[PDB]
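Computed from the coordinates by the stated procedures, all read-outs in this text should not be read as laboratory data. Note that we place each Cβ from the backbone using ideal geometry, even for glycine, and neighbour counts take in every protein chain shown.
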Amino acid sequence: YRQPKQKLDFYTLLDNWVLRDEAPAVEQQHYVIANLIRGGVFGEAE
Amino acid sequence: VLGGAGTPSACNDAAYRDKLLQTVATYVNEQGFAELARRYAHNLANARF
Amino acid sequence: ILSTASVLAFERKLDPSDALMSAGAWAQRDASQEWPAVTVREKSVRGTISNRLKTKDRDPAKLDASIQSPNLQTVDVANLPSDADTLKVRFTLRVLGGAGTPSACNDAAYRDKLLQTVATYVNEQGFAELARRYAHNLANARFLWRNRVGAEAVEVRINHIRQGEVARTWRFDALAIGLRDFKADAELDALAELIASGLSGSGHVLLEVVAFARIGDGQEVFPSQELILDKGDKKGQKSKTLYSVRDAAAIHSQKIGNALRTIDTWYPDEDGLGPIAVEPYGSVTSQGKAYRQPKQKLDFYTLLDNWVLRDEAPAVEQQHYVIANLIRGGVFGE
Amino acid sequence: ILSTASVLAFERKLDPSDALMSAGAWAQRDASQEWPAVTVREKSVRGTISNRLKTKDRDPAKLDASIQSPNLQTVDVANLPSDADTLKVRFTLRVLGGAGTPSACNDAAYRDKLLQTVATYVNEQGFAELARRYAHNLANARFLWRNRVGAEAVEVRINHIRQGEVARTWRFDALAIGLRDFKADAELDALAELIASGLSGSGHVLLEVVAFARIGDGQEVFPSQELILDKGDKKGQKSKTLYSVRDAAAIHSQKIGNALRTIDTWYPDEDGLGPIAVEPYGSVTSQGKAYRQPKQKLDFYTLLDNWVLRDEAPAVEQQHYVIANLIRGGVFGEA
Amino acid sequence: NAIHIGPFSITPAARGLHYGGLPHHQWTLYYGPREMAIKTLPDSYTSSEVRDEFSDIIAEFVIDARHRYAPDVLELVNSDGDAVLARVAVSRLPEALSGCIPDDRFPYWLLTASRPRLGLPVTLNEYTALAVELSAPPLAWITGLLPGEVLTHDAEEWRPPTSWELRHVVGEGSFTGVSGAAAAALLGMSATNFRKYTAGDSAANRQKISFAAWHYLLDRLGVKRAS
Amino acid sequence: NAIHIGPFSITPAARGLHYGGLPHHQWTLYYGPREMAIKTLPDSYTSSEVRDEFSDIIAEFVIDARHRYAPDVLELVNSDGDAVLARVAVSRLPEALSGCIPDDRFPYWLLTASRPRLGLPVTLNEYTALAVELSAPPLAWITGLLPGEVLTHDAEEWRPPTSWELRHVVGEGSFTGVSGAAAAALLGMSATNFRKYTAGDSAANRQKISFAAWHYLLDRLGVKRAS
């Protein structure tokens, strides 16, 4: 779920929110902050 | 539960770091962690673990 | 016609040991000699596709095929026991003195000029500012790197050990003394006087530093992490290795030494971000950035070459930073 | 007539062994035969660039690129255990005698003149000055090279071992005896008399030297470093190897031997800088400089050629230097 | 009878031996003060055979020094992140780089080839300006073997190169492969006045090359860009 | 009391007159041997006023010489023919050009900006190579005002510039705007040893600049690329 072909994965939502200032729906804001609470390595691939 | 959930532990760009910090700050000021803590408290309440 | 020496190198002062971890209960920390060591165990980790993807690998068939075949690693882990909430971290620290004399130097004239420059620094002010900041980084337990984050109470006992027995004892609450500012105190300035006595060569300073951090029962502690050599991974081989001295989780000595010299507040970029470690081109690995870039005139080499060759003494904070780099040691030559 | 020999070589007197390290607690040091050895471990090291940049103030983005990909290395390290605070370094040194005879020579006339020159040196004065300086370098623990820096208390026990058991014992406080000047002492002159009796050929000298240095619980010791076959780029990681004999950290025998012959105080530059090791064109690598340059007439080769061929006997201090070079041994030939 | 191949020198051991009945000599190959190899070659070997014994070690030195001191590579990519459009070997970095992942807000990006990439959004005219300003000459790796105070543009800190440093770039055995005659013709001098630079000691009529002549020579040999 | 502004010289007429009751002198502005203007300026004019009388004619000369000797412009376009992607001022043409109209068989073309276009299909890596090789420095138009035998790379045909040709590029009134001190610091030379080049006659201790120093100076001033 949240395939990147749809515009709802964490990376596209974070890039639209931070770079382009297009803040998503408040549910997706909860999802992005839940991903930031989860932690992880969000950098370039490979 | 620790807190400080917006600050990265390692970053390249300082400008992107400041923009991300202020974006999480505007999220927190619009609404707190209450919805997320409500769902985490539910997952603590039902023994999903 | 005085030029820099082509060979020039300094041994380090402030030698720490490897910090050993043990575990026990809070308020048993006054009888903390029989506390059992924190051991490093292994556990299995099943991951998932969670990093970024290239655009050539974002087709849904390829993504679901990658999710259906997961990665299975083995990971070294270190936790407190389930009946103990306090991590104890113990090491020893020698303060040595003789901080101006290079261990190897080409020119005799440059050696004499550098020695007299450090001598005029010492005569104008002692090591008291630097030793105050070093005693701060001992007092607040900054050498607990991630073990300090989110703890209830951190308490540091420092024993100055003259003969085989204790000569003096300090006790600090490391959360009162912040990681941000360098204040004053009676016991902290007594410790700073001892460290400056060691750095000046007027004594022999050996301290034993013990930190207690109240974490929680069975929580994860973070020792130093080693480096793996992968040669065609042996059916999901180990992906994380932790340092251990002899079945006891430990922190590398240069990690403790990097946390000790986190005293540089004089870098030109900002001052509300905190102190950093004294390095030439003062660089933070987590930030990926060099404060004191050499295109500004505030790295170690331009300040040292202006102070020594051309007698342009910098500001007293930059003089503090240059003498801190000489205390840190290094290979400063071509 | 009487040119110098084309090949000429001397075997060394004062042969030391490899000095082994072990660890224990101070005031147990008289029972220190079962002390466990100091072992060499590995640790990982991550570091940034602290050397001088080649392009000095240009290219500030390359510096930030190099911080984001730092140097990872594996490094051999040796420490004391966390409950031991005393390092113990043990070796055996034997003094032989026969310091004038080369082991290889071309001319018989040159070796006869050289043997007669050394015989007149020994007949004028004994080895008493040289043996006093060697006993001083045994008395202070100079052979602890960096393990002596910043030590709390250093104590040296020297056993003259005649048969399989101990014949005589010396006990020195190595921090009292400085690394600077050559004092006098009754025990030190007894040791110097033993060393001079060994150098004169009038006896067989075997000593066992044990040094104890009080450092600290778990502090770092410094054995000898081995050579690395440019494995900093291909395999990349192993960037320091330490010498070890049988799973026990050790110092090389020639390191101990270099510390023993640090007796040369007569070099023409100064003598407030301390003694240096005896060497032809007496040179310190850590200073990158040659004292006793051959432009001045005070290196070993010109002094030997004037003393042997042209009979120009130098001053008594330079004669001590030349005989110290002959005790050191080496390949002194046309190269 | 030493042999000089650029900065390398092959010297014999001043007294031979008899191996297998035949007289031999030990030849040592040095790169300046650092001893690189020793071989035991017979007498009745011509100097071409002595050169071709050590030619393999010299060639492996050249291979390693060429790979080690290779200049950096910037890549011009499109907005997705893959699909390299152009590459340029630079001798410096564009000073505004800071770690970036390319998105579709701009159609052209300039990344480092090193893996935690730095990058910058460009628009094919400032890319051309950066490539013209910062490009590397075809023999920039020889600058890795030079002391760095003979390569500086600051005239106060510059010191002239020695004869051994001068033999890295000028000579038939040098890494540029340019003779003294061709390098004299590049500087507008005669071959004798240029051979005055390559003597070795200041007594035997050796003067030092000047700042402008050295930097123009490094420009014309294709070693340093010297803008 | 002549006035020198770079290559220009303003000289008075050696006997004045009385215009309107006041004493005047005729000042002539020369560019070398060619007489550019004559004015009749009063006495009790300071030399700054005499300079600012002819500054407009000097500025129009600079404008015309900058527009006339402007270097060529190549354009990188896509496959249709319109929609310029990049421009590059070159000092030479890429030697493989021959009159072309871009079609869609290749996606990138390199045309001349001059109207019967020449062009070449490129692929953004050889475009970068051509732009690095053939680009023009920011003050290339000063090469239009120079004799061409002082700009040649052939050392057999090169002759050193005179003091008047040297004043086009070095001096406070020159077209580069670079003083003699800054040009001495560019060449790693003392201001006096560099002022020895700018005397004018060979008797008054004037030596000629060398080939390497002249071409390196033209490289460092941004006049000739000097590859």
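In this simple spin-label approximation, E:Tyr19 and D:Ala167 carry label points 7 Å from Cα along the Cα→Cβ vector, and these lie 4.7 nm apart.
Convex hull volume of the C-alpha atoms in region E:123-224, normalised per residue: 114 Å³. Pairs of Cα atoms nearer than 8 Å and 6+ residues apart set the relative contact order; for region C:168-264 it is 16 percent. Shortest first, E:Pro138 label-point distances to identical copies amount to 3.0 nm, with the label point at 7 Å from Cα along Cα→Cβ.
For region D:249-325, what log10 I(q)/I(0) values come out of the Debye formula at q = 0.17, 0.25, 0.27 1/Å, with one point per alpha carbon and no solvent? Each listed q maps to, in turn, -0.66, -1.21, -1.34. Across region D:298-306, rounded Karplus estimates of 3J(HN,Hα) from the backbone phi angles (6.51 cos²θ - 1.76 cosθ + 1.60, θ = phi - 60°) give 9, 6, 5, 6, 5, 5, 5, 6, 6 Hz, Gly and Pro being marked x. Taking the fewest neighbouring Cβ atoms within 10 Å as the starting point, the ordered list for D:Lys13, C:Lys295 is C:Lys295, D:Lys13. Each of F:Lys224, E:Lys208, D:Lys183 was scored by other Cβ atoms within 10 Å of its Cβ. Listed from fewest to most, they are D:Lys183, E:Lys208, F:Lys224. Here the convex hull built on the C-alpha positions of region C:74-231 has a volume of 187 cubic angstrom per residue. Using Cα-only point scatterers and the Debye equation, what is log10 of I(q)/I(0) for the protein assembly as shown at each q in 0.06, 0.07, 0.09 Å⁻¹, rounded to two decimals? Normalising to I(0) and taking log10 leaves -0.73, -0.97, -1.38. When peptides C:259-265, C:276-282, E:70-76 are sorted by average Cβ neighbour count within 10 Å, with the highest value leading, the order is C:276-282, C:259-265, E:70-76. A Cα-only calculation for region C:63-110 places Rg and Dmax at 26.3, 70 Å.
Between E:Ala203 and C:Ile1, what's the calculated FRET efficiency when r is the beta-carbon distance and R0 is 22 Å? Round to 0.05.
Details: r = 22 Å, r/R0 = 1.00.
After rounding to 0.05, the efficiency reads 0.50.
A Förster distance of 51 Å, applied to the separation of the beta-carbon atoms of E:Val62 and D:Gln296, puts the FRET efficiency at 0.75.
Quick one: pull the percentage of alpha-carbon pairs in region C:159-260 with a separation above 25 Å. Numbers along the way, then the final one.
On the way: 2236 of 5151 pairs.
Tail of the P(r) past 25 Å holds 43 percent of the pairs.
Counting other C-beta atoms within 10 Å, which of C:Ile161, E:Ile57 has the fewest, and how do the rest follow? All intermediate terms of the calculation are to be shown ahead of the outcome.
On the way: C:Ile161 19, E:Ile57 15.
In increasing order of surrounding Cβ atoms, one gets E:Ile57, C:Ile161.
Across chain C, the mean sequence separation of Cα contacts (distance under 8 Å, 6 or more residues apart), normalised by length, yields a relative contact order of 27 percent. With both labels modelled 7 Å from their Cα along Cα-to-Cβ, the E:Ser55 to F:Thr46 distance reads 7.5 nm.
When only Cα pairs under 8 Å and 6 or more residues apart are kept, what is the percent relative contact order across region F:97-218? Could the numbers behind the result be given before it?
Numbers: 120 pairs, mean separation 17.4, N = 122.
In percent, rounded to a whole number, it is 14.
Quantify how much of the Cα-Cα distance distribution of region E:11-90 extends past 22 Å, in percent. Cα-Cα pairs in region E:11-90 separated by more than 22 Å: 51 percent. Checking the table C:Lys88/C:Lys238; C:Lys289/D:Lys240; C:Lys289/E:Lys208; D:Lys13/D:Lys113; D:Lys88/D:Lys238 against a 31 Å threshold on Cα-Cα, which pairs fail? C:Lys289/E:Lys208, as the Cα separations exceed 31 Å there.
Given points 7 Å out from each Cα along the Cα-Cβ axis, report the D:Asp305 to D:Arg41 separation in nanometres with one decimal. Those two pseudo-labels are separated by 5.6 nm.
Can you give me the convex hull volume of the Cα atoms of chain D, divided per residue and expressed in Å³? Display every interim value, and only then the final one.
Numbers: hull volume 63.6 nm³, N = 335.
It is 190 Å³ per residue.
Using θ = phi - 60° in the Karplus curve 6.51 cos²θ - 1.76 cosθ + 1.60, the 3J(HN,Hα) couplings for region D:185-196 round to 7, 5, 5, 5, 6, 5, 5, 5, 5, 5, 5, 5 Hz; x is entered for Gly and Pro.
Beta carbons within 10 angstrom, averaged per residue: use that to sort the peptides D:227-237, D:92-102, highest first.
Working: D:227-237: 10.8, D:92-102: 18.5.
So the peptides D:227-237, D:92-102, ranked by packing, come out D:92-102, D:227-237.
For region D:202-335, taking the reciprocal of the average inverse distance between every pair of different Cα atoms yields a Kirkwood hydrodynamic radius of 18.3 Å. As a calculated quantity, the FRET efficiency between E:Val84 and D:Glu226 at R0 = 56 Å, using C-beta atoms, amounts to about 0.80.
Legend: P(r) of chain B from all alpha carbon pair distances, 10 Å bins from 0, whole percents, reading 21, 39, 27, 12, 1.
With only alpha-carbon pairs counted, each pair once and no self-pairs, how large is the Kirkwood hydrodynamic radius of region E:181-220 in angstroms? Mind showing how you got there, number by number?
Numbers: mean 1/r = 0.0958 Å⁻¹.
About 10.4 Å for region E:181-220.
Computed over every Cα-Cα pair of chain F and binned at 10 Å starting from 0, the pair-distance distribution P(r) comes out as 7, 25, 25, 20, 14, 7, 2, 0 percent.
Pairwise Cα distances in chain A exceed 13 Å in 57 percent of cases. Dimensions of region D:137-219 along the principal axes, based on C-alpha atoms and rounded to the nearest Å, stand at 43, 31, 19, largest first.
Closest approach to the axis carrying E onto F, counted by Cβ on chain E and given in whole Å with its residue, is E:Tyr216, 2. Helices in chain F that qualify as membrane-span-like (whole DSSP H runs, Cα extent of at least 27 Å along the helix axis, mean Kyte-Doolittle hydropathy of -0.5 or higher) are F:47-68. Considering helices alone, the calculated mean residue ellipticity of chain C at 222 nm is -7500 deg cm²/dmol, with DSSP H runs of length four and up weighted by -39500 (n - 2.57) and normalised per residue.
Label-point spacing at E:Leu22 relative to the other copies reads 10.2 nm, in ascending order, each point sitting 7 Å out from Cα along Cα→Cβ.
Karplus-based coupling profile of region E:37-43, in residue order and whole Hz: 7, 9, 10, 10, 10, x, 6, with θ = phi - 60° in 6.51 cos²θ - 1.76 cosθ + 1.60 and x standing for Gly or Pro.
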